[PDB]
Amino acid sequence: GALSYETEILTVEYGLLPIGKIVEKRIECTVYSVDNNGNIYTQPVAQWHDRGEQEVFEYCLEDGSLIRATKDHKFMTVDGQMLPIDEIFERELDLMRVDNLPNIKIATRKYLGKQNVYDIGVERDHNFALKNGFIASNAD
């Protein structure tokens, strides 16, 4: 799975950067991850992935924030499961946010057609935080 170019990733060095720029420039940076105990820690980006043109859906959360992703990109839910975002939307599950922010559900889905999409890889846990504290995952 993969994320739209403009999806913003939290970094220690640079603050929020679009993942498309992080990948295209292979930016060396440190992102935020969550472990099984639900605690945050940092780690460097270890792989940069340009996944080419894929179908992108825009998921609009109850707070109005948007996540634009392929259907199969996993995200963390509140039971600590990492599930494809479309499944989270279809099963009406709350998305996990970092530490104590309110957990919220996806309200609607809108097809955006094919766009060039991106992913990053890390060495432990295989997840990373986006703007607003959502946790994108590529575990399993």
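In case it trips you up, residue 1 is the first one in the sequence shown, and so on.
Annotation for 22-30 versus 75-83: the higher mean temperature factor (C-alpha) is found in 75-83.
The question of which stretch, 92-100 or 62-70, has the higher mean Cα B factor is settled in favour of 92-100. When all modelled residues of the chain are sorted by CA temperature factor, residue 106 is found within the middle third. Among all modelled residues in its chain, residue 43 ranks in the highest third by Cα B-factor. Per-chain ranking of the deposited C-alpha B factor places residue 119 in the lowest third. Residue 35 sits in the highest third of its chain by CA B factor, as recorded in the PDB entry.
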